[PDB]
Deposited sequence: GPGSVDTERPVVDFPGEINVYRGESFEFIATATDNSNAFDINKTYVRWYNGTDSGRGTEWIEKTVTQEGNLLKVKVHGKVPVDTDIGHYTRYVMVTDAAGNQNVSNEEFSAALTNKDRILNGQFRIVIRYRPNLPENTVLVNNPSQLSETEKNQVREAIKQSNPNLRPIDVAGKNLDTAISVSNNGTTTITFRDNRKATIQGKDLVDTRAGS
């Protein structure tokens, strides 16, 4: 057996701080036999799960001819916002890896994926009442920003663009709010969830 096994797994997965996740990689091989103990979710220069992503776990089973690699874990509430490149590596019974040790040392490889760590914002319990829901005043925008800050205590200055919560949380004129994180990724909160018209009944 000199044919490498082949992993099928998305090229990008999104996970959220404070939440658990689970994604299934499947692998096939001409021999239908695997060395199950030599399965790794790894980075390019080690078989460990990599610096900053030590919380990535794996569970490996085989169902008939199909190797099933469960990529799972719980993202820490205080891990860094950003993304990483990691790899699902499998080994057939004959010792052939899906990716060679030379390829890792040096183009997307089999089993390669980007894992993006995101923050999911909590909505405030109550909306802010505003005079004109399409022309918020600066005071009303500040009140919306403070409502978001209050409901999102684990969103810290280090997590956002410019290390400044007051400028990274940008409230538009109709209350729709964009948060820009330290990796320049975004979260958009609809204004209908944040503001209501004063005396609108």
* Asked: Relative to the deposited sequence numbered from 1, which residue ranges are unmodelled?
  -> 1-5, 112-117
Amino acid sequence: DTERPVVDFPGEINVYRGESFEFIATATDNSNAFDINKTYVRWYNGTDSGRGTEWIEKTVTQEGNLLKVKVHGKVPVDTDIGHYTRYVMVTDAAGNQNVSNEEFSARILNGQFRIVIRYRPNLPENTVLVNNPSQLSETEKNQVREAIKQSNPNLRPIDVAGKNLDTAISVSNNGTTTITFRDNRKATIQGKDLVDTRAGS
From here on, numbers count along this sequence of modelled residues.
* To do: Name the higher of the two by mean Cα B-factor in the PDB entry, 115-123 versus 91-99.
  => 91-99
* To do: Would you tell me which stretch averages the higher CA B-factor in the PDB entry, 133-141 or 53-61?
  => 53-61
* Structure fact -> Reading the B-factor column for Cα atoms of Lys163, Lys38, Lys70, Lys149, the highest value belongs to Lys38
* Asked: From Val128, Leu109, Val77, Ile81, can you pick the one with the highest C-alpha B factor in the entry?
  -> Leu109
